[PDB]
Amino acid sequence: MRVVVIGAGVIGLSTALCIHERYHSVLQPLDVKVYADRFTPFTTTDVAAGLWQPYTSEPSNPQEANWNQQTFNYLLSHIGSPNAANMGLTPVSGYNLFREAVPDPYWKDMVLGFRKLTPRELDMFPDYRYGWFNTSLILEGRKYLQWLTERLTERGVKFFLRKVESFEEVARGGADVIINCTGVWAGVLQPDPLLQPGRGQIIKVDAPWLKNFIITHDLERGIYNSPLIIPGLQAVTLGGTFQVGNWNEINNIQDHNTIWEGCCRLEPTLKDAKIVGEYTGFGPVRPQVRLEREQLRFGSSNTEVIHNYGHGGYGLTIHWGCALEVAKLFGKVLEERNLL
């Protein structure tokens, strides 16, 4: 059984680890390899704000809510462990701010200590009238990617920096199963018109006095198109743009200003914060996560492909539940081949 995972972002590596941890002990031989054209720190995952929080509306697919919950429980469970921080993981509390009353989110009971903000808390944020408090987790993309690659490597999973031109090529080269974790670029290997890029730009800043996340919403502009502040492990992420359809990989002057003055008015102490870097990444926006089997016919055999892409602006939030589901589908593939 030769399995090639394509993609070395959170989705690819989490899935690779999940498959391997689950089947190494019971299937000889199992050969899992990762192929990608960019590894940390050059993936969208590396640019992620680094916080666990789903969108404010339910998902179309009710499986996604579960995947989000499994991910939180998976991540929470690590708190107490000596290596939580070396995985990119720590607990944070913070605020969600609104210009008007809004319904509770479906995830209110998944986080810790969810409640509405009292009138007294609201005076800390003059521009907003209603909000939430809760405790969630930081999950730093960059650090988590380094952790997962060390955990994969020690288990004998090999990485190959290479650009896949088609599913065909990889199958022809000896893959029995392909796990497709190519993120926003999946369309290059199989056209998918529902998949769009969600261009997000961020400013990273040294401001270690900030201990809380602060996320504002503007209902008339779409999600994450409103200032947001997320303290990371060593730096702070400043955001406020997320526009679908825009394929420009370069930083832009307007979004820089939108992020900087939006965040400087939210958190005026930002005046003394040193800019550390400024980045742009593309969320794999899709009305729903594509996570499914597909049978491909080349040469003399079927090669099974399992897709796992289209996680929009919530891939870190939802990744573990998605990896588990892919390992399930793999298991079905195995019994069909009378392998276990």
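All residue numbers refer to positions in the sequence shown, first residue = 1.
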Comparing 232-240 with 167-175, the higher average Cα temperature factor in the PDB entry belongs to 167-175
Assert higher mean C-alpha B factor (262-270 or 187-195, deposited values) equals 187-195
From the entry's CA B-factor values, the highest among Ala48, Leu296, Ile306, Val32 is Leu296
The largest CA temperature factor among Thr40, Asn68, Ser300, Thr44 is found at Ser300
On the chain's distribution of Cα B-factors, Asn257 falls within the third called middle
Assert third(CA B-factor, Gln53) within chain per record equals lowest
Chain thirds by Cα B factor, record data; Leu334 belongs to the middle
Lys143: CA B-factor among chain residues, third -> middle
By the entry's values, the third containing the CA B factor of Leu122 is the highest
